[PDB]
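Quick notes on the structure that follows.
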Amino acid sequence: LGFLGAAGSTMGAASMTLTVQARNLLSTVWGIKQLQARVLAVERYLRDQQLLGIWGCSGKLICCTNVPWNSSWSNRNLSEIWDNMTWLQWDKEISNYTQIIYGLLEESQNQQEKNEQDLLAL
Amino acid sequence: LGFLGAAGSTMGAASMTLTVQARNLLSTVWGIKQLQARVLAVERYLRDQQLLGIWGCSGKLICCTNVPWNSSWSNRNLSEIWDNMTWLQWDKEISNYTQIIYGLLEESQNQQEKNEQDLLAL
Amino acid sequence: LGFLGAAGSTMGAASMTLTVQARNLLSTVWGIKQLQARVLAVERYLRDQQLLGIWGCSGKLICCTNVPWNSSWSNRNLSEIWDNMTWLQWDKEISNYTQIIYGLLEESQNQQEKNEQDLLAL
Amino acid sequence: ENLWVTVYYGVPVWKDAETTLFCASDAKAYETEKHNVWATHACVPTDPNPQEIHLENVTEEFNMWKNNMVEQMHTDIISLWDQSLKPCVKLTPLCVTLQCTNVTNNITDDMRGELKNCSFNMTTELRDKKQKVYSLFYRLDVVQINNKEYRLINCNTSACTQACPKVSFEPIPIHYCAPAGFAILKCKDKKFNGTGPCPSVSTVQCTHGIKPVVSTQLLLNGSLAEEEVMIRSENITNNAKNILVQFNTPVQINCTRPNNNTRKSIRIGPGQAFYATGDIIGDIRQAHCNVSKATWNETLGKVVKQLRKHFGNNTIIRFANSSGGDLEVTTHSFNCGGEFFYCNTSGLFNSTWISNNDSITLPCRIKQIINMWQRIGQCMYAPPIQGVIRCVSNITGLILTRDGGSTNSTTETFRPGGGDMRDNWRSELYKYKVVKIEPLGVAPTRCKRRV
Amino acid sequence: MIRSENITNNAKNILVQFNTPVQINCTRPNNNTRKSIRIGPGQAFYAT
Amino acid sequence: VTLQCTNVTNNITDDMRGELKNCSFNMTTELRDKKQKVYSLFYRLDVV
Ligand SMILES: *[C@@H]1O[C@H](CO)[C@@H](O[C@@H]2O[C@H](CO)[C@@H](O[C@@H]3O[C@H](CO[C@H]4O[C@H](CO)[C@@H](O)[C@H](O)[C@@H]4O)[C@@H](O)[C@H](O[C@H]4O[C@H](CO)[C@@H](O)[C@H](O)[C@@H]4O)[C@@H]3O)[C@H](O)[C@H]2NC(C)=O)[C@H](O)[C@H]1NC(C)=O
Ligand SMILES: *[C@@H]1O[C@H](CO)[C@@H](O[C@@H]2O[C@H](CO)[C@@H](O[C@@H]3O[C@H](CO[C@H]4O[C@H](CO)[C@@H](O)[C@H](O)[C@@H]4O)[C@@H](O)[C@H](O[C@H]4O[C@H](CO)[C@@H](O)[C@H](O)[C@@H]4O)[C@@H]3O)[C@H](O)[C@H]2NC(C)=O)[C@H](O)[C@H]1NC(C)=O
Ligand SMILES: *[C@@H]1O[C@H](CO)[C@@H](O[C@@H]2O[C@H](CO)[C@@H](O[C@@H]3O[C@H](CO)[C@@H](O)[C@H](O)[C@@H]3O)[C@H](O)[C@H]2NC(C)=O)[C@H](O)[C@H]1NC(C)=O
Ligand SMILES: *[C@@H]1O[C@H](CO)[C@@H](O[C@@H]2O[C@H](CO)[C@@H](O[C@@H]3O[C@H](CO)[C@@H](O)[C@H](O)[C@@H]3O)[C@H](O)[C@H]2NC(C)=O)[C@H](O)[C@H]1NC(C)=O
Ligand SMILES: *[C@@H]1O[C@H](CO)[C@@H](O[C@@H]2O[C@H](CO)[C@@H](O[C@@H]3O[C@H](CO)[C@@H](O)[C@H](O)[C@@H]3O)[C@H](O)[C@H]2NC(C)=O)[C@H](O)[C@H]1NC(C)=O
Ligand SMILES: *[C@@H]1O[C@H](CO)[C@@H](O[C@@H]2O[C@H](CO)[C@@H](O[C@@H]3O[C@H](CO)[C@@H](O)[C@H](O)[C@@H]3O)[C@H](O)[C@H]2NC(C)=O)[C@H](O)[C@H]1NC(C)=O
Ligand SMILES: *[C@@H]1O[C@H](CO)[C@@H](O[C@@H]2O[C@H](CO)[C@@H](O[C@@H]3O[C@H](CO)[C@@H](O)[C@H](O)[C@@H]3O)[C@H](O)[C@H]2NC(C)=O)[C@H](O)[C@H]1NC(C)=O
Ligand SMILES: *[C@@H]1O[C@H](CO)[C@@H](O[C@@H]2O[C@H](CO)[C@@H](O)[C@H](O)[C@H]2NC(C)=O)[C@H](O)[C@H]1NC(C)=O
Ligand SMILES: *[C@@H]1O[C@H](CO)[C@@H](O[C@@H]2O[C@H](CO)[C@@H](O)[C@H](O)[C@H]2NC(C)=O)[C@H](O)[C@H]1NC(C)=O
Ligand SMILES: *[C@@H]1O[C@H](CO)[C@@H](O[C@@H]2O[C@H](CO)[C@@H](O)[C@H](O)[C@H]2NC(C)=O)[C@H](O)[C@H]1NC(C)=O
Ligand SMILES: *[C@@H]1O[C@H](CO)[C@@H](O[C@@H]2O[C@H](CO)[C@@H](O)[C@H](O)[C@H]2NC(C)=O)[C@H](O)[C@H]1NC(C)=O
Ligand SMILES: *[C@@H]1O[C@H](CO)[C@@H](O[C@@H]2O[C@H](CO)[C@@H](O)[C@H](O)[C@H]2NC(C)=O)[C@H](O)[C@H]1NC(C)=O
Ligand SMILES: *[C@@H]1O[C@H](CO)[C@@H](O)[C@H](O)[C@H]1NC(C)=O
Ligand SMILES: *[C@@H]1O[C@H](CO)[C@@H](O)[C@H](O)[C@H]1NC(C)=O
Ligand SMILES: *[C@@H]1O[C@H](CO)[C@@H](O)[C@H](O)[C@H]1NC(C)=O
Ligand SMILES: *[C@@H]1O[C@H](CO)[C@@H](O)[C@H](O)[C@H]1NC(C)=O
Ligand SMILES: *[C@@H]1O[C@H](CO)[C@@H](O)[C@H](O)[C@H]1NC(C)=O
Ligand SMILES: *[C@@H]1O[C@H](CO)[C@@H](O)[C@H](O)[C@H]1NC(C)=O
Ligand SMILES: *[C@@H]1O[C@H](CO)[C@@H](O)[C@H](O)[C@H]1NC(C)=O
Ligand SMILES: *[C@@H]1O[C@H](CO)[C@@H](O)[C@H](O)[C@H]1NC(C)=O
Ligand SMILES: *[C@@H]1O[C@H](CO)[C@@H](O)[C@H](O)[C@H]1NC(C)=O
Ligand SMILES: *[C@@H]1O[C@H](CO)[C@@H](O)[C@H](O)[C@H]1NC(C)=O
Ligand SMILES: *[C@@H]1O[C@H](CO)[C@@H](O)[C@H](O)[C@H]1NC(C)=O
Ligand SMILES: *[C@@H]1O[C@H](CO)[C@@H](O)[C@H](O)[C@H]1NC(C)=O
Ligand SMILES: *[C@@H]1O[C@H](CO)[C@@H](O)[C@H](O)[C@H]1NC(C)=O
């Protein structure tokens, strides 16, 4: 396995290794083109970390969260969504389910943030 | 509330939400101007993380620390500094108190760093 | 002590303070030269964090790991490698031992990653 | 029984995005010390052994007509082309009235009105002094004005320089690589008609060498097919768009310049030098090209049957040769050692096909000033080349255009097109599609975050 | 309102903007034709 | 180029008497050896 060497494989096996998919993520007319691409590439990498940073995890890259999960979003059993369906198909199924899952994570984590500070005093 | 939608409000309510203030923080003559601004903007964002990274916290954005706190710096009761005073007024009051609070955090965290490694052996 | 103020000193004392070595790490013809250097400098800083991020630590900068350690690599007692030998000499001794120590850390951490998620369910 | 939601980072998923690429040069190219066009000085060196790997259990859609890679590449070539002519001589003061006549040195009648001998008043390195020099000019480079007076066609239009004398126009194969966070998906399916599912898809960091050949029709030094020659088209039924077809077997080409030419150095100004053709040494002949009859007919006979599938089994196919296009879309344009050839093509598309050794030689003409990437506002002058040129190359593809919608006639005629540079590179980047990787991922999982 | 830096000092200008917009008419009743003159190869100059 | 220039009077209003001038000059053509002259109208403030 290498760079995206299991993208089309079952998501169960794909989740086994993730660093391989994250290694090759950061690494005079033409000078402008080279500089422009480099800045754009690094900018995207920092954006993802900022999105993950505000949550209850920094670099664990497996971020268990206690937020609820609506049943209507998936309406399917756990068994079928971890053995055969590939990741590419899953993304298309949640195309409309964007900008709303993130909101739940942020509001819950921030709400629990104060609850994780008051207890320290007593 | 939106981008800096509670900057002038009481600091007690301002501390309730912080991600909103942190969202809009990262996102051929004119080409040079655009590139220069982008590099400068991203550079500042990394500087803050580096300052926070060396402490005992990475992205929790509420970093409880065990360092002492001199009474003369504030010389005021806790009640009055959490209900009415706004954040802008607080910053002006600690204008002289800069480059010295950070030093306390770094020295204490590093000192406790070794103390948090020796115990692992035994 | 200042910027690399103890590089040649004993590694035992050098490990006492590390933030000082990490502070000065990030901070129209000439415009191209200035921009090129800045992008290159920041790019290296992010690369190190990405290498450290995938492991079981984000910014602790003392990353204890449970991976094994082959005796043949060092073949020396612990006492002599913590009192007199400087860091510069140590690096030359592990010149060939590169790209293989990192592999052990990644594979072990990822393997323990799933083991640290299954137990949560039960 | 309850399940909550977690997130996954680094999950492999791709989308569509717009982005630019950069150079990748091989070690062999780096060996050359000449800073010519497409040089390695401004192009980063490549890395050997690309990590090309296969992908399984995945289906990807591909498009070659809407691909953005060709569009940006077209702008890239012209951008670098202008930079090559900047730092050397300017040819603004060449416009001078010419009292010019013919020339006859045992010249073949087949090239009667093509060469002219005459002189003009040109400024020397100084200013007060004046001197005159003579040179030979081609027929297409001189117009008629009004007992006899001639002038260049470059004078009543924009003015341009000459090809810089310290660079070479020989094509160099370069590799295109996307920046970090973007990959390239390559389609290796044997059957690939441009648009459709591509079950056999493989990713690669960088692509193989692509030669930016200069040609309007009958592109040279292209990527050869493997088997079952295919036809590339967007709508087929609509004749407005061209048809791109590449065949399997390579058919060689011979194109020589039997005329011997000498270069004369003329001092225009201080530090400015202009090269002009001198006297001809030896006999006077005409440039031509040869193609093997057996190879050419066999290729046509092998491709004609293939095209019948789209239209019909009982379809009569005839080939035409086009007509006047101001020497822009009516010739086979190619370059050999810095010399541009615009030559005849009627000797190839002249056959008809029913439902059920010797070589072909064609005369033609050569002109110096050209308009490649037409760019009304600029042009370029072709310097003379010493000795003779004998270039050998391959033909890998053809460009065909359908006729009008007359009626339902079995007699269907295909005619060569050309003139569009975007179509030239579409035959080399039809297997590629840039992607945008999104590490973020969401999926339900039975886990709880302790407090 | 009236915009000024020191008022008392006359060296600096005074910026004043009023509320109601007052329209302006400015026409060119003379009819002019352009003539294309060839200066050089690719260079054109327009003259009245 | 030097201008041997004079006034112009085509039922011109006295309020714009000395404002328009008609004249020509020697200007280079698209070629170099050949020469030709053209005429145009210039404003008062553009001529010294
Ligand atoms: C690309 O190549 C094609 C090849 O077909 C060119 O088309 C030919 O061009 C030539 C040159 O102009 C044409 O030749 C002329 O055709 C006329 C008739 O010639 C034919 O018929 C006569 C009998 O009537 C035969 O004797 C002869 O062999 C041909 O079969 C005449 O107008 C011309 O006669 C010339 O020669 C005599 C001397 O013999 C002179 O007295 C005449 O004044 C005159 O100069 C001449 O033969 C030819 O017809 C074209 N077609 C074909 C099918 O060959 C394209 O022009 C070329 N395109 C470009 C852009 O280069
Ligand atoms: C399509 O692909 C074909 C096949 O590869 C290409 O044809 C080859 O073209 C190259 C490039 O022109 C040929 O390689 C070399 O070309 C040079 C010819 O021009 C030289 O001449 C002047 C003379 O002063 C030099 O100043 C100028 O810089 C050029 O260098 C020569 O360099 C070479 O010949 C000399 O060196 C070789 C060794 O390299 C000796 O063997 C020769 O005797 C001689 O001393 C050489 O020819 C190559 O030969 C062509 N044919 C091949 C490879 O079969 C097409 O160019 C390419 N493009 C198109 C549009 O079809
Ligand atoms: C490459 O080949 C594929 C497979 O033959 C072509 O797809 C087919 O395209 C034709 C012509 O447009 C489609 O015909 C019509 O399509 C729709 C329904 O999709 C409808 O009008 C008719 O019922 C009829 O089928 C055909 O559906 C379509 N087939 C598939 C499986 O997509 C494709 O167009 C070819 N591409 C090129 C560039 O030639
Ligand atoms: C490929 O080319 C064909 C042929 O041009 C395209 O089909 C054509 O589509 C046009 C536009 O809709 C049709 O024009 C109209 O058709 C009818 C019959 O005349 C009527 O509405 C109007 O008078 C007008 O002419 C045209 O008929 C139709 N021709 C056909 C089907 O033979 C087709 O859309 C093109 N496909 C692509 C993918 O571009
Ligand atoms: C362009 O002209 C060249 C030069 O004549 C042609 O290629 C040459 O073809 C001859 C004849 O086949 C080759 O020599 C002989 O070939 C065979 C090999 O089995 C055999 O008769 C002899 O042993 C001898 O080698 C010659 O090597 C070859 N030269 C080159 C440079 O390829 C060519 O076919 C003509 N047409 C094109 C390129 O379209
Ligand atoms: C706005 O403009 C006023 C008027 O110029 C400025 O006050 C003026 O300040 C100058 C510089 O200090 C005074 O000059 C000196 O004043 C006295 C009386 O003559 C004496 O020390 C010297 O002989 C010299 O003249 C000037 O008198 C004074 N004028 C007044 C007060 O009427 C004022 O500073 C300006 N404000 C700002 C914000 O720029
Ligand atoms: C500049 O000249 C124009 C054109 O005369 C002046 O504006 C024009 O004013 C007339 C007279 O008011 C407008 O027509 C009439 O206006 C009133 C509307 O209540 C009424 O008498 C009639 O029903 C008729 O519409 C005309 O529309 C208007 N034109 C424009 C383009 O605004 C203008 O006042 C002059 N002065 C400036 C602009 O300072
Ligand atoms: C140069 O050769 C030409 C071609 O033989 C002579 O006359 C040409 O005749 C054709 C007939 O169609 C005319 O259209 C051309 O304009 C002529 N060419 C010219 C004027 O250059 C011509 O007389 C010969 N010129 C000289 C000076 O001998
Ligand atoms: C082009 O014409 C020029 C003259 O206009 C020819 O130059 C002559 O060359 C001969 C032979 O060497 C000399 O005797 C003459 O003195 C030259 N004349 C001048 C004016 O210098 C030239 O040879 C012609 N070129 C061709 C290819 O015919
Ligand atoms: C292209 O074909 C032409 C036409 O056959 C060749 O020209 C002949 O070349 C031979 C070489 O020995 C001469 O003897 C003949 O007189 C030429 N004329 C004819 C009509 O055959 C030409 O050499 C070929 N070019 C190449 C590069 O192979
Ligand atoms: C050839 O194409 C023509 C034009 O489309 C067809 O002509 C039509 O024929 C049908 C037959 O039912 C008539 O109803 C239409 O009025 C005709 N339309 C015209 C002339 O515009 C013709 O049918 C086609 N031939 C075949 C064999 O398909
Ligand atoms: C052009 O008109 C002017 C104005 O009537 C004539 O004389 C001008 O008189 C004023 C008086 O102050 C002088 O200052 C100007 O220099 C004069 N203008 C010139 C010389 O252009 C003038 O005579 C008229 N010119 C012609 C050629 O008729
Ligand atoms: C879950 O989705 C359903 C259907 O849209 C909606 O009615 C319900 O309010 C959602 N539940 C929560 C807790 O958001
Ligand atoms: C998203 O929802 C829209 C309607 O809001 C629908 O048209 C579209 O098909 C949906 N997308 C997917 C991928 O299901
Ligand atoms: C606290 O501040 C006072 C007043 O400046 C100073 O004397 C004292 O040493 C400080 N205490 C500590 C622990 O730094
Ligand atoms: C900071 O201290 C200086 C004297 O060292 C004093 O002048 C200044 O007003 C102080 N700033 C604030 C904001 O109190
Ligand atoms: C340790 O190194 C030795 C010597 O190279 C090698 O034989 C052995 O397999 C290594 N052990 C492990 C666990 O990798
Ligand atoms: C690394 O190993 C090579 C042989 O593989 C040897 O030549 C070289 O000296 C070694 N380097 C060090 C620093 O020991
Ligand atoms: C043919 O013309 C050429 C032109 O260069 C000349 O050198 C040669 O001597 C001529 N041949 C004859 C036989 O006149
Ligand atoms: C210019 O060239 C002509 C011939 O075209 C010649 O007669 C004349 O002497 C040359 N010199 C000048 C100054 O025109
Ligand atoms: C062209 O002329 C030059 C003159 O030096 C000669 O060396 C060369 O062989 C000639 N070329 C041909 C193809 O006859
Ligand atoms: C090409 O070959 C076919 C048979 O395959 C024959 O009918 C045809 O006449 C040939 N064409 C030429 C131009 O020789
Ligand atoms: C043509 O194709 C052949 C295929 O073997 C290749 O070897 C050759 O380099 C290509 N070019 C020429 C000029 O033959
Ligand atoms: C100016 O002259 C042109 C000449 O074509 C004429 O069409 C136009 O109406 C004239 N303009 C005025 C305002 O009289
Ligand atoms: C230049 O213009 C003048 C008038 O200003 C005219 O008499 C003359 O003939 C023109 N030509 C030259 C060469 O001066």
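In the structure tokens, chains take letters A, B, ... by order of appearance, with residues numbered from 1 within each chain and ligands from 1 in the order shown.
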Please determine the contact residues of chain F with respect to chain D at a cut-off of 9 Å, counting only C-alpha atoms, and supply them as a list in words.
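Result: residues 30, 31, 32, 33 and 34 of chain F.
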Please identify all residues of chain C having at least one atom at most 7 Å from any atom of chain A, considering only C-alpha atoms, and return them as a PDB file with N, CA and C atoms, in the first residue's frame.
```pdb
ATOM      1  N   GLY C  53       2.911  15.013  14.886  1.00  0.00           N
ATOM      2  CA  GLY C  53       1.475  14.948  15.095  1.00  0.00           C
ATOM      3  C   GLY C  53       0.924  13.541  14.972  1.00  0.00           C
ATOM      4  N   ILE C  54       1.379  12.795  13.962  1.00  0.00           N
ATOM      5  CA  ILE C  54       0.868  11.449  13.737  1.00  0.00           C
ATOM      6  C   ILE C  54       1.200  10.495  14.873  1.00  0.00           C
ATOM      7  N   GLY C  56       1.832   9.657  19.151  1.00  0.00           N
ATOM      8  CA  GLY C  56       0.961   9.794  20.303  1.00  0.00           C
ATOM      9  C   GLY C  56       1.264  11.019  21.141  1.00  0.00           C
ATOM     10  N   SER C  58       1.323  15.730  20.647  1.00  0.00           N
ATOM     11  CA  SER C  58       1.130  16.889  19.781  1.00  0.00           C
ATOM     12  C   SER C  58       2.158  17.980  20.045  1.00  0.00           C
ATOM     13  N   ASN C 110      -0.210   3.424  15.494  1.00  0.00           N
ATOM     14  CA  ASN C 110      -1.432   3.126  14.755  1.00  0.00           C
ATOM     15  C   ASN C 110      -2.049   1.816  15.224  1.00  0.00           C
TER      16      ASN C 110
END
```
DSSP on the backbone: which residues in segment 33-163 of chain D end up as strand (DSSP E)? Give the answer as an MDAnalysis selection string.
chainID D and resid 53:54 60:62 101:102 115:123 130:138 142:144 150:152
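With the cut-off set to 8 Å and only C-alpha atoms and all ligand atoms counted, the residues surrounding ligand 9 are residues 103, 104, 105, 117, 118, 119, 134, 135, 136, 278, 279 and 280 of chain D.
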Take the residues from that selection and write them out as a compact mmCIF listing (two decimals), in the first residue's frame, keeping N, CA, C and O atoms.
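Saved file result.txt follows:
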```
# COMPACT_ATOMS: atom_id res chain seq x y z
N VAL D 103 15.72 35.97 -59.73
CA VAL D 103 17.08 35.46 -59.79
C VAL D 103 17.05 34.12 -60.51
O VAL D 103 16.15 33.30 -60.28
N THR D 104 18.02 33.90 -61.39
CA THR D 104 18.07 32.70 -62.22
C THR D 104 19.50 32.16 -62.22
O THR D 104 20.37 32.68 -62.93
N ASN D 105 19.73 31.11 -61.43
CA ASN D 105 21.00 30.38 -61.41
C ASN D 105 20.66 28.91 -61.60
O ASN D 105 20.52 28.16 -60.63
N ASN D 117 16.59 38.27 -55.66
CA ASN D 117 17.88 38.86 -55.29
C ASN D 117 17.77 40.38 -55.38
O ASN D 117 17.32 40.91 -56.40
N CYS D 118 18.18 41.06 -54.31
CA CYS D 118 18.11 42.52 -54.28
C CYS D 118 18.77 43.01 -52.99
O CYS D 118 19.21 42.22 -52.15
N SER D 119 18.83 44.33 -52.85
CA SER D 119 19.51 45.00 -51.75
C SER D 119 18.62 46.11 -51.21
O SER D 119 17.54 46.39 -51.73
N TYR D 134 22.79 43.04 -49.71
CA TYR D 134 21.86 42.25 -50.50
C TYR D 134 21.66 40.88 -49.87
O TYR D 134 22.57 40.33 -49.24
N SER D 135 20.45 40.34 -50.03
CA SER D 135 20.11 39.03 -49.50
C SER D 135 18.95 38.47 -50.31
O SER D 135 18.27 39.19 -51.05
N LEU D 136 18.72 37.17 -50.15
CA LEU D 136 17.66 36.46 -50.84
C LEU D 136 16.44 36.34 -49.93
O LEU D 136 16.58 35.98 -48.75
N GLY D 278 22.61 34.39 -47.91
CA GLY D 278 23.59 34.80 -48.90
C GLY D 278 23.42 34.06 -50.21
O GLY D 278 22.32 33.63 -50.57
N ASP D 279 24.53 33.91 -50.93
CA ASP D 279 24.51 33.20 -52.20
C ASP D 279 24.31 31.71 -51.97
O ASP D 279 24.64 31.17 -50.91
N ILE D 280 23.76 31.04 -52.98
CA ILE D 280 23.48 29.61 -52.91
C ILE D 280 24.64 28.84 -53.53
O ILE D 280 25.09 29.16 -54.64
```
Give me, as CSV, each residue of chain F that comes within 9 Å of ligand 12, together with its shortest interatomic pair and the distance in Å at one decimal, counting only C-alpha atoms and all ligand atoms, with rows ordered by chain and rising residue number.
```
residue,atom,partner,partner_atom_place_in_ligand_line,distance
F:5,CA,ligand 12,27 (C),7.8
F:6,CA,ligand 12,27 (C),4.5
F:7,CA,ligand 12,1 (C),5.0
F:8,CA,ligand 12,1 (C),7.9
F:17,CA,ligand 12,4 (C),6.6
F:18,CA,ligand 12,4 (C),5.5
F:19,CA,ligand 12,2 (O),8.9
F:21,CA,ligand 12,1 (C),8.6
```
Could you please select, counting only C-alpha atoms, the residues of chain D within 6 Å of chain A and state them as a PDB file with N, CA and C atoms, in the first residue's frame?
```pdb
ATOM      1  N   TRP D   4     -23.045   6.845  18.332  1.00  0.00           N
ATOM      2  CA  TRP D   4     -22.723   8.256  18.189  1.00  0.00           C
ATOM      3  C   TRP D   4     -21.799   8.447  16.987  1.00  0.00           C
ATOM      4  N   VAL D   5     -21.344   9.682  16.789  1.00  0.00           N
ATOM      5  CA  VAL D   5     -20.612  10.073  15.590  1.00  0.00           C
ATOM      6  C   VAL D   5     -19.203  10.487  15.981  1.00  0.00           C
ATOM      7  N   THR D   6     -18.222   9.972  15.250  1.00  0.00           N
ATOM      8  CA  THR D   6     -16.829  10.378  15.351  1.00  0.00           C
ATOM      9  C   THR D   6     -16.385  10.951  14.008  1.00  0.00           C
ATOM     10  N   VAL D   7     -15.110  11.320  13.926  1.00  0.00           N
ATOM     11  CA  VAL D   7     -14.537  11.863  12.703  1.00  0.00           C
ATOM     12  C   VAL D   7     -13.240  11.131  12.398  1.00  0.00           C
ATOM     13  N   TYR D   8     -12.903  11.074  11.113  1.00  0.00           N
ATOM     14  CA  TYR D   8     -11.691  10.426  10.634  1.00  0.00           C
ATOM     15  C   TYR D   8     -10.877  11.436   9.840  1.00  0.00           C
ATOM     16  N   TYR D   9      -9.570  11.463  10.086  1.00  0.00           N
ATOM     17  CA  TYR D   9      -8.660  12.374   9.408  1.00  0.00           C
ATOM     18  C   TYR D   9      -7.747  11.589   8.478  1.00  0.00           C
ATOM     19  N   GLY D  10      -7.505  12.144   7.292  1.00  0.00           N
ATOM     20  CA  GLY D  10      -6.682  11.478   6.304  1.00  0.00           C
ATOM     21  C   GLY D  10      -7.402  10.450   5.464  1.00  0.00           C
ATOM     22  N   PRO D  12      -9.052   8.673   2.435  1.00  0.00           N
ATOM     23  CA  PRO D  12      -8.838   8.945   1.006  1.00  0.00           C
ATOM     24  C   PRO D  12     -10.147   9.222   0.283  1.00  0.00           C
ATOM     25  N   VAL D  13     -10.354  10.482  -0.088  1.00  0.00           N
ATOM     26  CA  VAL D  13     -11.504  10.890  -0.889  1.00  0.00           C
ATOM     27  C   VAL D  13     -11.064  12.036  -1.787  1.00  0.00           C
ATOM     28  N   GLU D  56      -8.113  -0.447  -7.120  1.00  0.00           N
ATOM     29  CA  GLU D  56      -9.068  -1.529  -7.295  1.00  0.00           C
ATOM     30  C   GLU D  56     -10.377  -1.179  -6.602  1.00  0.00           C
ATOM     31  N   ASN D  57     -11.459  -1.793  -7.083  1.00  0.00           N
ATOM     32  CA  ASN D  57     -12.789  -1.607  -6.502  1.00  0.00           C
ATOM     33  C   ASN D  57     -13.202  -0.136  -6.537  1.00  0.00           C
ATOM     34  N   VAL D  58     -12.799   0.568  -7.592  1.00  0.00           N
ATOM     35  CA  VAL D  58     -13.090   1.989  -7.742  1.00  0.00           C
ATOM     36  C   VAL D  58     -13.449   2.271  -9.193  1.00  0.00           C
ATOM     37  N   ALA D 180       1.445  19.637  -3.468  1.00  0.00           N
ATOM     38  CA  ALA D 180       0.998  18.801  -2.363  1.00  0.00           C
ATOM     39  C   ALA D 180      -0.502  18.959  -2.153  1.00  0.00           C
ATOM     40  N   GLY D 181      -1.155  17.860  -1.779  1.00  0.00           N
ATOM     41  CA  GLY D 181      -2.585  17.849  -1.569  1.00  0.00           C
ATOM     42  C   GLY D 181      -3.406  17.565  -2.807  1.00  0.00           C
ATOM     43  N   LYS D 448     -17.540   6.548  23.362  1.00  0.00           N
ATOM     44  CA  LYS D 448     -17.926   7.576  24.319  1.00  0.00           C
ATOM     45  C   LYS D 448     -16.682   8.294  24.816  1.00  0.00           C
ATOM     46  N   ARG D 449     -16.752   9.622  24.879  1.00  0.00           N
ATOM     47  CA  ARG D 449     -15.655  10.439  25.386  1.00  0.00           C
ATOM     48  C   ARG D 449     -15.864  10.654  26.880  1.00  0.00           C
TER      49      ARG D 449
END
```
Output as a list in words all residues of segment 251-299 of chain D that backbone DSSP marks as alpha helix (DSSP H).
residues 293, 294, 295, 296, 297, 298 and 299 of chain D
Contacts of ligand 16, 8 Å or closer, only C-alpha atoms and all ligand atoms, given as a VMD selection string
chain B and resid 92 to 96
Could you turn the residues from that selection into a file that holds C-alpha atoms, as a short mmCIF file (atom, residue, chain, number, x, y, z; two decimals), in the first residue's frame?
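The new file out.cif reads:
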```cif
data_model
loop_
_atom_site.label_atom_id
_atom_site.label_comp_id
_atom_site.auth_asym_id
_atom_site.auth_seq_id
_atom_site.Cartn_x
_atom_site.Cartn_y
_atom_site.Cartn_z
CA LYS B 92 -5.06 48.22 28.71
CA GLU B 93 -4.64 47.47 32.42
CA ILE B 94 -1.96 44.82 31.74
CA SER B 95 -0.10 46.79 29.07
CA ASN B 96 3.02 46.95 31.25
#
```
If you count only C-alpha atoms, which residues fall within 6 Å of segment 22-36 of chain E, apart from same-chain ones fewer than 5 positions away, as a PyMOL selection string?
chain E and resi 46-48
Generate the output file for the selected residues, N, CA and C atoms, as a PDB file, in the first residue's frame.
```pdb
ATOM      1  N   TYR E  46      -3.785  58.764 -33.279  1.00  0.00           N
ATOM      2  CA  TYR E  46      -5.070  59.367 -33.604  1.00  0.00           C
ATOM      3  C   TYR E  46      -4.977  60.878 -33.443  1.00  0.00           C
ATOM      4  N   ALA E  47      -5.440  61.608 -34.456  1.00  0.00           N
ATOM      5  CA  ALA E  47      -5.378  63.060 -34.467  1.00  0.00           C
ATOM      6  C   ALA E  47      -6.725  63.631 -34.883  1.00  0.00           C
ATOM      7  N   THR E  48      -7.027  64.823 -34.374  1.00  0.00           N
ATOM      8  CA  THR E  48      -8.281  65.483 -34.706  1.00  0.00           C
ATOM      9  C   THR E  48      -8.285  65.913 -36.167  1.00  0.00           C
TER      10      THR E  48
END
```
